[PDB]
Each structure stands twice: as C-alpha cells, then as structure tokens.
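Encoded as structure tokens, the structure appears first; notes follow it.
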Amino acid sequence: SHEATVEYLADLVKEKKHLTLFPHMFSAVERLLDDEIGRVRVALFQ
Amino acid sequence: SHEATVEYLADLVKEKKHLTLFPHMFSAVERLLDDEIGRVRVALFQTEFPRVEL
C-alpha cells in the first residue's frame, strides 16, 4: 500500500470531497477512500 | 476489508468505468480501486481453487 505522508493524505481528503458531490454514485470507492484515509492517519502518528 | 463476491466485483468494475469520465482527476482513487479489484479477483479465484495460493 501507498506510503503514508501528509501530501497523500491531502490528496485523499480532496478526492473524497469531490466525490461527495455525487451522493452514493461511487459507494464502493467512498468506503475504500475512508478506509485508506483512516489507515494513513494512523500511520502518520505511529 | 469488504467481502469478496461477484456482485461486489461487478460494482467495482462499474465504478471504475464511471471514473473514466474524469481523466486525471481522481488518480489516488484509481490506484485504490484497481488494487481492490485485483484483491477481489484473487479472493474469488482462491475460493474456487483453495490449494492454489498467489
């Protein structure tokens, strides 16, 4: 999986923002993104 | 990690197709989606063929 860095986190959060403009049109993608954001946040501080 | 089934794989593939409407706009997501598709294909394959590991 991708290296954890604040830059990556920022991309993930920005891409997540954009998709919320289309309610539940990319439901699977949203779960993946949320999972990966959570994973990267934890990695950043450990 | 989501359960591996045919319907899920199907949803993944449809979502990937939709994302092509947005070239170069969601590339972090493209990598994640391709990873999850691969993982799911492998999971369905390992379930048909339990004695094969990849």
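Please treat every number below as a calculation from the coordinates, not as lab data. Virtual Cβ from ideal backbone geometry, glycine too; neighbours counted across all protein chains shown.
Any idea what angle helix B:6-19 forms with the longest principal axis of chain B, computed on alpha-carbon atoms, 0 to 90 degrees, nearest 10?
It is inclined by approximately 20 degrees.
Out of the GluC sites (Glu not before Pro) in chain B, which ones are loop residues according to DSSP with at most 13 other C-beta atoms within 10 Å?
For GluC sites (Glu not before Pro) across chain B that sit outside H, G, I, E and B with at most 13 neighbouring Cβ atoms in 10 Å, the list reads B:3, B:53.
Using alpha carbons only, what's the Rg to Rh ratio of chain A with Rh from Kirkwood?
That ratio equals 1.00.
Please label the shape of the protein assembly as shown as rounded, prolate or oblate, based on the square roots a ≥ b ≥ c of the eigenvalues of the alpha-carbon gyration tensor (a/c under 1.5 means rounded; beyond that, a/b larger than b/c means prolate, else oblate).
Verdict is oblate for the protein assembly as shown.
Return the long-range amide H neighbours of residue B:26 (sequence gap of 5 or more, or a different chain), with a cut-off of under 5 Å between placed amide H atoms.
It is none; the list stays empty.
For chain B, modelled as a Gaussian network with Cα springs under 10 Å, which listed residue fluctuates most, B:21, B:33, B:44?
B:21
Given labels modelled 7 Å from the Cα in the Cβ direction, how far is it in nm from residue B:7 to residue B:43?
Rounded to a tenth, the inter-label distance reads 1.4 nm.
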